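J.:
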Amino acid sequence: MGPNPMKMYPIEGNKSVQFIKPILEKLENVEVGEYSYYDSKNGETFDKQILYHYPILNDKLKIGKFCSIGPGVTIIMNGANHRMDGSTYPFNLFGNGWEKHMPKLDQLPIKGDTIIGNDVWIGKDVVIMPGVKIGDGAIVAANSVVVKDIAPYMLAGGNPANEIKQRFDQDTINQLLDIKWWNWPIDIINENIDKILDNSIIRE
Amino acid sequence: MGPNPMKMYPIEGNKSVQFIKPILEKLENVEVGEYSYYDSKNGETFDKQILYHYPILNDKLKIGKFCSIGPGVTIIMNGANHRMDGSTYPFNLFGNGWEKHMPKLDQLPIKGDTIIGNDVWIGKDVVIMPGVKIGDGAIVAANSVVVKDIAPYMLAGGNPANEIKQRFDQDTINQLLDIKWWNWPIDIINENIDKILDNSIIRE
Amino acid sequence: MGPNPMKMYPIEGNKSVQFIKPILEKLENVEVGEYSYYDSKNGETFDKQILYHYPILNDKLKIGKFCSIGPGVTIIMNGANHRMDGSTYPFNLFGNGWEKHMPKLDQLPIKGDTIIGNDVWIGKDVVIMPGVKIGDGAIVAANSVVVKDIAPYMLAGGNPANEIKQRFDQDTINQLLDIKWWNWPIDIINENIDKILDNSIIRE
Ligand SMILES: CCN(CC)CCS(=O)(=O)[C@@H]1CCN2C(=O)c3coc(n3)CC(=O)C[C@H](O)/C=C(C)/C=C/CNC(=O)/C=C/[C@@H](C)[C@@H](C(C)C)OC(=O)[C@@H]12
Ligand SMILES: CCN(CC)CCS(=O)(=O)[C@@H]1CCN2C(=O)c3coc(n3)CC(=O)C[C@H](O)/C=C(C)/C=C/CNC(=O)/C=C/[C@@H](C)[C@@H](C(C)C)OC(=O)[C@@H]12
Ligand SMILES: CCN(CC)CCS(=O)(=O)[C@@H]1CCN2C(=O)c3coc(n3)CC(=O)C[C@H](O)/C=C(C)/C=C/CNC(=O)/C=C/[C@@H](C)[C@@H](C(C)C)OC(=O)[C@@H]12
Numbered sequence: 002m003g004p005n006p007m008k009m010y011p012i013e014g015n016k017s018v019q020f021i022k023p024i025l026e027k028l029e030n031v032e033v034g035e036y037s038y039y040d041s042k043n044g045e046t047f048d049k050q051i052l053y054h055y056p057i058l059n060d061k062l063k064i065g066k067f068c069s070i071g072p073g074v075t076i077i078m079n080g081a082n083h084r085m086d087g088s089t090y091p092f093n094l095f096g097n098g099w100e101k102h103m104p105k106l107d108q109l110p111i112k113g114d115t116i117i118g119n120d121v122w123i124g125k126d127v128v129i130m131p132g133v134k135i136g137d138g139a140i141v142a143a144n145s146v147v148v149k150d151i152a153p154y155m156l157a158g159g160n161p162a163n164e165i166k167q168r169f170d171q172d173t174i175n176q177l178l179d180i181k182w183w184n185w186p187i188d189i190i191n192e193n194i195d196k197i198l199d200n201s202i203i204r205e
Numbered sequence: 002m003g004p005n006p007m008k009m010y011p012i013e014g015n016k017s018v019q020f021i022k023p024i025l026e027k028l029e030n031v032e033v034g035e036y037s038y039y040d041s042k043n044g045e046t047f048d049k050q051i052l053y054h055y056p057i058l059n060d061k062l063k064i065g066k067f068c069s070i071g072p073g074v075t076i077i078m079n080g081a082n083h084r085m086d087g088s089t090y091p092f093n094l095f096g097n098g099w100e101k102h103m104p105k106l107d108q109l110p111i112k113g114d115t116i117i118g119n120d121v122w123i124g125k126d127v128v129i130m131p132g133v134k135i136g137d138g139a140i141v142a143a144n145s146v147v148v149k150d151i152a153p154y155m156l157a158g159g160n161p162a163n164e165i166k167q168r169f170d171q172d173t174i175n176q177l178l179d180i181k182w183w184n185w186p187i188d189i190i191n192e193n194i195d196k197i198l199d200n201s202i203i204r205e
Numbered sequence: 002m003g004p005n006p007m008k009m010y011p012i013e014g015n016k017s018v019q020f021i022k023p024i025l026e027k028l029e030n031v032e033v034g035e036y037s038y039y040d041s042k043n044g045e046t047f048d049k050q051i052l053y054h055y056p057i058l059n060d061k062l063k064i065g066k067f068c069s070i071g072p073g074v075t076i077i078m079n080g081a082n083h084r085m086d087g088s089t090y091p092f093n094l095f096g097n098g099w100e101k102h103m104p105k106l107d108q109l110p111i112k113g114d115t116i117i118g119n120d121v122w123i124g125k126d127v128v129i130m131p132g133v134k135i136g137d138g139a140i141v142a143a144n145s146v147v148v149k150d151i152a153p154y155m156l157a158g159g160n161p162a163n164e165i166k167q168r169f170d171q172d173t174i175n176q177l178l179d180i181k182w183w184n185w186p187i188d189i190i191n192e193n194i195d196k197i198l199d200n201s202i203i204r205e
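Protein sequences, first through last, are from chains A, B and C. Going by my numbering, the first sequence opens with residue 2, and the numbers climb by one from there. Going by my numbering, the second sequence opens with residue 2, and the numbers climb by one from there. Going by my numbering, the third sequence opens with residue 2, and the numbers climb by one from there.
1) Going along chain C in order, which residues have a C-beta closer than 7 Å to the C-beta of B/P11?
2) Using three-state DSSP, classify A/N163 as helix, strand or coil.
3) Curious, which full-length beta strand (DSSP E) runs of at least 3 residues does the region 160–202 of chain A contain?
4) Would you list, in chain order, the members of the region 112–134 of chain C that have their beta-carbon closer than 9 Å to a beta-carbon of chain A?
5) Flag this pair as touching only if the region 87–103 of chain C and the region 139–154 of chain C have three or more C-beta atom pairs under 8 Å; answer yes or no.
6) Would B/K22 and B/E35 be called neighbours here (beta carbons separated by less than 7 Å)?
7) Any beta carbon of chain C sitting closer than 7 Å to that of A/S37?
8) Using 10 angstroms around the beta-carbon of C/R204, count the other beta-carbons present and answer buried if the total reaches 16, otherwise exposed.
9) With a cut-off of 7 Å, does the C-beta of C/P161 fall near any C-beta of chain B?
10) Please list the terminal residues of the continuous beta strand (DSSP E) segment that includes residue 1 of chain B.
11) Using a threshold of 7 Å, state whether the C-beta atoms of C/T46 and C/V128 are closer than that.
12) Determine which residues share a DSSP beta bridge with B/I117 and list them.
13) Taking the alpha-carbon of B/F169 as reference, which of B/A162, B/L177, B/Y55 has the nearest alpha-carbon?
14) For the alpha helix (DSSP H) containing B/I21, name the first residue and the last one.
15) Looking at C-alpha atoms only, which residue of B/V18, B/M2, B/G3 is the closest neighbour of B/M9?
16) Across which residues does DSSP place A/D40 in a beta bridge pair?
17) Any heavy atom of ligand 3 closer than 6 Å to the beta-carbon of C/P104?
18) If we count the other Cβ atoms within 10 Å of its Cβ and call it buried at 16 or more, is C/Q171 buried or exposed?
19) Please name the residue in A/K149, A/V33, A/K66 whose C-alpha comes closest to that of A/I51.
20) Taking contact to mean at least 3 C-beta pairs separated by less than 8 Å, is the region 55–65 of chain B in contact with the region 110–129 of chain B?
21) By the 8 Å beta-carbon criterion, what residues does the region 134–154 of chain C contribute toward chain B?
22) With distances taken from CA atoms, which of B/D150, B/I135, B/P161 is nearest A/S145?
23) Under 7 Å, Cβ to Cβ, is there at least one residue of chain C near B/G44?
24) Which residues in chain D have a C-beta closer than 9 Å to the C-beta of B/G98? List them in chain order.
25) Can you find a C-beta in chain C that's less than 7 Å from the C-beta of A/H54?
26) On the criterion of 16 or more Cβ atoms from any shown chain inside 10 Å, does A/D137 qualify as buried, or is it exposed?
27) Count the other CB atoms, across all protein chains shown, that sit within 10 Å of the CB of B/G65; report buried if there are 16 or more and exposed otherwise.
28) Could you give the uninterrupted runs of the beta strand (DSSP E) lying entirely in the region 46–103 of chain C, keeping only those of 3 residues or more?
29) Please identify, using Cβ separations under 9 Å, the residues of the region 67–94 of chain C that lie next to chain A, in order along the chain.
30) Can you tell me whether C/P104 is buried or exposed, with buried defined as 16 or more other CB within 10 angstroms of its CB?
31) Closest by CA to A/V133, which one among A/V148, A/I123, A/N119?
32) Comparing the CB of B/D86 with every heavy atom of ligand 2, is any distance shorter than 6 Å?
33) Considering only residues of the same chain and omitting the five flanking positions on each side of C/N163, which have a CB-CB separation below 7 Å?
34) What does A/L198 reach in chain B if we use C-beta pairs closer than 9 Å?
35) Considering only residues of the same chain and omitting the five flanking positions on each side of C/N30, which have a CB-CB separation below 6 Å?
36) In whole angstroms, what is the alpha-carbon distance linking A/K101 and A/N93?
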């Protein structure tokens with residue numbers, strides 16, 4: 002029961018909702034989970050939303066399963082960073098002899114990898130800056146600009162984005178993070194979808 | 002004297018300025034005042050700026066008179082809200098038996114109506130969140146994201162948007178509020194335009 | 002040695018990077034320095050990023066040398082300001098008799114000129130409001146909305162943008178602002194590029 006987790010366009014008669022995994026299976030350094038989807042703004046594919054991602058920098062992007070990515074969302078990788086121990090002018094890129102001035106292995110600090118958890122809801126036109134992490138069950142308000150990490154099951158928003166409120170109580174979050182319903186077999190999930198929607202899955 | 006309040010494009014030689022009322026008089030659940038206008042960004046008509054507005058949700062949009070709306074301003078209605086008491090995943094939307102997991106209207110958050118007062122100036126590319134109320138004579142700095150109510154005759158800006166300062170003294174605001182020059186017959190307004198532009202109408 | 006400071010498209014095989022000076026050479030009230038460049042978002046030329054710049058107001062735009070402007074950056078001049086001593090409604094624009102209500106020379110306060118210094122890096126999609134001043138060697142985070150001035154060699158971001166950190170210590174900044182490597186003859190610069198990149202040029 003349900004949509005095929007490996008179909009680029011799960012809903013025929015709607016070429017806007019797309020499954021991310023089947024589309025990003027070809028990309029290097031990008032691990033994406035099943036059922037996570039993207040809501041296109043003008044027909045573009047999610048791969049066009051990943052920016053400044055260069056294999057030579059070795060940074061990686063990780064997206065969990067069952068995520069909701071609104072239209073216009075953008076993920077910024079480490080390619081945007083300029084040198085900062087002196088001038089920020091990229092002499093090297095202009096060539097004609099300036100290519101001598103290319104940064105050495107240790108003069109381009111890296112902020113780290115980008116990992117988005119499971120069951121995460123990202124609003125419209127949100128911008129993700131390099132190296133940030135987002136915990137499971139988090140909700141990011143539309144038009145946010147995230148520079149710092151966001152704890153699991155939190156409500157964040159703004160520019161810069163800040164934590165606004167806890168979705169549930171600690172004990173509930175603790176249990177939810179321990180059962181990880183998203184890793185269950187598809188058949189088991191189907192028999193509990195309701196309990197997952199009302200948060201009663203922590204009881205049974 | 003003055004432009005025709007019911008012409009789509011009141012200014013000959015300017016296919017950018019539009020009177021909103023004539024444009025949006027066809028829409029369901031949208032109530033707009035006269036003389037309020039929109040400055041087109043690329044030729045689009047203000048209707049394309051109202052997002053996630055569905056008749057089934059019963060939320061209404063109200064805009065006052067004599068308002069100035071900058072280019073790119075968008076208004077987000079309640080249609081963007083996901084279910085929040087559990088997982089934010091929209092199972093129902095994928096079909097294949099999942100349609101049975103469709104939420105009732107009682108299980109969807111309702112933030113209320115969106116109400117814009119009279120004589121309001123909204124800056125370029127401002128985003129308005131659902132259920133927001135903006136008082137008369139208020140000013141919203143460009144590029145703002147409004148998530149909470151804004152008092153009358155207040156200058157707000159930012160993301161999230163916050164109140165910056167009172168345009169005038171309290172007694173002045175109180176006087177303006179119970180005068181409502183915008184409700185005067187057009188011929189009376191014409192003979193007081195200069196007095197309205199300098200705040201001396203409080204001296205009559 | 003290096004690229005031609007007078008070539009619209011300095012890099013062969015990349016019609017995105019463009020030199021500002023040659024492109025804005027036609028504009029009145031716009032002065033831009035050598036080597037400062039723009040990274041095009043969709044093939045658009047930088048002149049399309051300067052908004053509300055009206056000769057009648059006489060406000061000027063000044064950009065220094067050796068700057069790095071990210072894609073989508075827009076500069077808002079004084080043509081956006083509305084009258085604020087009373088109603089913000091621009092009666093005058095609609096004509097048909099209301100043209101007689103046109104602000105006097107002193108009924109439209111002006112926030113001043115917009116001056117960006119030398120060696121400054123402005124992030125992607127950053128918006129610059131009217132009258133702001135940005136000192137040399139300052140870094141502006143992407144997606145920022147700058148409403149107030151930024152001091153030399155400071156890091157600022159947010160909406161509204163705030164100064165986050167001082168890149169170096171006072172003595173260093175003081176020394177840098179005193180030598181102004183950006184004003185040296187191109188030949189002398191070429192023999193110190195590496196020294197400029199690691200801030201060792203202060204000890205010569
Ligand atoms: C032979 C390699 N090719 C194929 C022809 C190009 C791929 S690349 O890895 O050399 C890439 C090109 C320039 N850099 C850009 O990000 C880039 C290139 O053009 C542009 N950016 C246009 C801009 O994006 C201007 C921007 O201001 C430049 C930025 C933000 C530079 C940030 C600092 N860049 C680096 O530290 C450069 C590292 C070098 C070593 C190269 C690799 C060869 C290692 O990687 C790039 O980022 C490189
Ligand atoms: C038979 C009814 N039709 C005609 C065929 C569709 C109209 S609808 O009212 O069922 C509409 C379709 C899906 N929902 C969307 O907003 C929508 C549909 O496709 C898309 N959105 C593409 C997206 O917008 C993906 C997006 O991420 C989905 C969102 C933001 C869902 C938010 C939560 N949605 C609701 O709570 C769904 C409520 C149901 C009950 C339906 C009505 C039948 C009541 O309304 C919709 O919002 C429904
Ligand atoms: C005869 C003069 N012409 C040729 C026909 C027009 C040039 S203009 O200098 O009168 C110009 C027209 C309206 N203003 C606009 O910014 C403008 C005109 O249409 C539009 N903007 C569409 C919009 O840009 C809507 C926008 O919301 C209007 C803005 C942001 C108004 C801000 C406040 N405007 C001023 O204070 C008006 C000053 C007057 C005096 C006029 C000059 C005659 C002095 O300048 C403009 O800014 C004027």
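In this text, a Cβ means the ideal position worked out from N, Cα and C, and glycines have one as well.
T.: Taking the structure as given:
1) Locating residue 11 of chain B in the second sequence gives position 10, where the first residue counts as 1. Within chain C, the residues near B/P11 are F95.
2) One-based indexing of the first sequence puts residue 163 of chain A at position 162. Residue state, collapsed to three classes: strand.
3) 162–167
4) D120, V121, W122, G124, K125, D126
5) no
6) To locate residue 22 of chain B, count along the second sequence from 1; it is residue 21. To locate residue 35 of chain B, count along the second sequence from 1; it is residue 34. Going by C-beta atoms, B/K22 is nearer than 7 Å to B/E35.
7) For the purposes of this step, residue 37 of chain A is taken as residue 36 along the first sequence, with counting starting at 1. No, A/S37 lies away from the interface with chain C (no Cβ there is under 7 Å from its Cβ).
8) Locating residue 204 of chain C in the third sequence gives position 203, where the first residue counts as 1. Counting Cβ neighbours within 10 Å, C/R204 comes out exposed, since fewer than 16 surround it.
9) On the third sequence, position 160 is the one that residue 161 of chain C refers to. Judged by the 7 Å Cβ criterion, C/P161 is in contact with chain B.
10) Any question about residue 1 of chain B goes unanswered here, given that chain B covers just 2 to 205.
11) The residue you call residue 46 of chain C lines up with position 45 of the third sequence. The residue you call residue 128 of chain C lines up with position 127 of the third sequence. Cβ atoms of C/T46 and C/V128: not closer than 7 Å.
12) As a first step, residue 117 of chain B must be located in the second sequence, where it is residue number 116. Note: B/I117 sits in a beta bridge opposite B/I64, B/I135.
13) Here residue 169 of chain B refers to the residue found at position 168 when the second sequence is read from its first residue. Comparing Cα-Cα distances from B/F169 to each of B/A162, B/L177, B/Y55, the minimum goes to B/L177.
14) By one-based count along the second sequence, residue 21 of chain B stands at place 20. From DSSP, the alpha helix (DSSP H) with B/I21 extends over 21–25.
15) In the second sequence, counting from the first residue as 1, residue 9 of chain B sits at position 8. That would be B/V18, whose Cα lies nearest to the Cα of B/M9.
16) Numbered from its first residue, the first sequence carries residue 40 of chain A at position 39. Per DSSP, A/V18.
17) For the purposes of this step, residue 104 of chain C is taken as residue 103 along the third sequence, with counting starting at 1. Yes; taking the cut-off as 6 Å, the Cβ of C/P104 has a heavy atom of ligand 3 nearer than that.
18) Residue mapping note: residue 171 of chain C aligns to position 170 of the third sequence, counting from 1. Classification for C/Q171: exposed.
19) Position 50 of the first sequence, counting from 1, holds the residue named residue 51 of chain A. Answer by Cα proximity: A/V33.
20) yes
21) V146, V148
22) As a first step, residue 145 of chain A is located in the first sequence; it is residue number 144 there, counting from the start. Here the closest residue by C-alpha is B/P161.
23) Here residue 44 of chain B corresponds to residue number 43 of the second sequence, with the count starting at 1. Chain C, which has no Cβ nearer than 7 Å to the Cβ of B/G44, makes this no.
24) Here the protein chains are A, B and C, and chain D is not one of them.
25) On the first sequence, residue 54 of chain A is found 53 positions in, with the first residue counted as 1. Not an interface residue.
26) Translated into positions along the first sequence, residue 137 of chain A becomes position 136. With 16 or more other Cβ atoms within 10 Å, it is buried.
27) Here residue 65 of chain B refers to the residue found at position 64 when the second sequence is read from its first residue. With 16 or more Cβ atoms within 10 Å of its Cβ, B/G65 is classed as buried.
28) 62–64, 75–77
29) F67, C68, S69, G71
30) Locating residue 104 of chain C in the third sequence gives position 103, counting from the first residue. With fewer than 16 other Cβ atoms within 10 Å, it is exposed.
31) As a first step, residue 133 of chain A is located in the first sequence; it is residue number 132 there, counting from the start. The shortest Cα separation from A/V133 among A/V148, A/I123, A/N119 belongs to A/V148.
32) Counting from one through the second sequence, the residue named residue 86 of chain B turns up at place 85. No; taking the cut-off as 6 Å, the Cβ of B/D86 has no heavy atom of ligand 2 nearer than that.
33) If you number the third sequence from 1, residue 163 of chain C lands on position 162. Within the same chain, C/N163 has close Cβ partners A157.
34) Along the first sequence, one-based indexing puts residue 198 of chain A at 197. In chain order: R84, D86, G87, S88, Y90, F92, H102, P104, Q108.
35) Position 29 of the third sequence, counted from the first residue, corresponds to residue 30 of chain C. Around C/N30: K61.
36) Here residue 101 of chain A is taken as the residue at index 100 of the first sequence, counted from 1. Here residue 93 of chain A is taken as the residue at index 92 of the first sequence, counted from 1. Those two C-alpha atoms are separated by around 7 Å.
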